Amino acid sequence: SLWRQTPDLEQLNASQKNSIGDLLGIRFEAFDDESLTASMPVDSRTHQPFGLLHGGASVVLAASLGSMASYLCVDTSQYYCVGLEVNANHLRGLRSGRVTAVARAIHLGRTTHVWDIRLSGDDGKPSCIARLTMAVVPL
């Protein structure tokens, strides 16, 4: 019921062709009535120079997730979504494995959306939190 357009994981993944998403290994994984989930590897592709997960790389995952989520909540025959503001806190560093991100809606207004995005590594300990604000703009 959150979703206007019921999420299509294959199409979500397919639509990332020729994008920064596909380039970093982002993969949409699951969704339910209230959330959307994507993951990304912690490797060379996403590494900052030190073999650590680039804060940016975590932020790309969060931004891709939340903007896609927003896109599935609007009437896309009449509206599109643009990023307005984004913030994030680094909670724990990540070395190897994959980072998983889960988006939940905080507020879906007529003109803005606010998404809460929680990230964690394979041990499932929170590694990053982000809040994303999108603008809903008439097509």
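Numbering starts at 1 and runs along the sequence shown.
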Worksheet item: Which of the two stretches, 81 to 89 or 53 to 61, shows the higher mean Cα temperature factor in the record?
Response: 53 to 61
Discussion item. If you average the CA temperature factors as listed in the entry, which stretch comes out higher, 94 to 102 or 29 to 37?
Written reply: 94 to 102
Worksheet item: Reading the B-factor column of the entry, which of 67, 111, 44, 76 has the highest value at its C-alpha atom?
Response: 44
Item to complete: Could you say which of 2, 135, 139, 132 has its CA atom at the highest B factor, as listed in the PDB entry?
Response: 139
Worksheet entry | Lowest, middle or highest third - CA B-factor, residue 22 | highest
